[PDB]
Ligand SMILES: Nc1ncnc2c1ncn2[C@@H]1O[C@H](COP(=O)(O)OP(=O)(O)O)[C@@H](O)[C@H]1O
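Form solved without the named molecule, single chain, as structure tokens, below.
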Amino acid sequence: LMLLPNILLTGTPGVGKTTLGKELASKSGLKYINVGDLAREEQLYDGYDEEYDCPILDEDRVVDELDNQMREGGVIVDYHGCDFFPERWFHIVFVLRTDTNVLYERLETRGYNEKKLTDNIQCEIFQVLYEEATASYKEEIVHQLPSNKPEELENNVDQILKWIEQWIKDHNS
């Protein structure tokens, strides 16, 4: 068996994390994990709301749920948050970025209401996730990836697959 790396795909909802992670998993063999889906599957919530009519994700339980698998390596994690993940989990972190105009159209198409649209659009224009990533991990392993069109998705997949290949070689001497 090969020692495999762990990758974090983060960024504002709508930037294309899920589409990228799923394609990466299919073309690399690594396991893709959507944190939101995982919390829903294992019911890792604590608290509700009237605000957005959605249960509140239990960060500590999410970490406990994934730790053993992360320790073993070979996981692509997808989430619009990253400050609560143990720093040791990831070998590289990609913050997907989408032009505000493009992101708005995507989220609107997803059926986001005015409130959710504004909250997420400001999250992106304020570069919240990029800042969160740089504050949570060493800047040398944090990279912003443009994600506005199929062409950039393709460039991202290609660059990450090549990164994975080099990493596996360097860490399985």
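All residue numbers are counted from 1 along the displayed sequence. C-alpha atoms forming the largest set that superposes within 1.5 Å between two forms make up the rigid core.
Form solved in complex with the named molecule: not shown, discussed below.
- Residues placing heavy atoms within 4.5 Å of the named molecule in the deposited complex fall in a single listed stretch, namely 140-148, out of 126-134, 52-60, 37-45, 140-148.
- Contact annotation: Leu24 falls outside 4.5 Å of the named molecule in the deposited complex, judged by heavy atom distances.
- In the deposited complex, the named molecule stays beyond 4.5 Å of every heavy atom belonging to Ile164.
- Among heavy atoms of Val15, some come within 4.5 Å of the named molecule in the deposited complex.
- A residue is said to contact a partner when one of its heavy atoms sits within 4.5 Å of a partner heavy atom; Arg110 meets this definition for the named molecule in the deposited complex.
- Core-superposed comparison between the shown form and the other one: CA of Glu114 displaced by less than 2 Å.
- In the core-superposed comparison between the shown form and the other one, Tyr52 has its Cα shifted by at least 2 Å.
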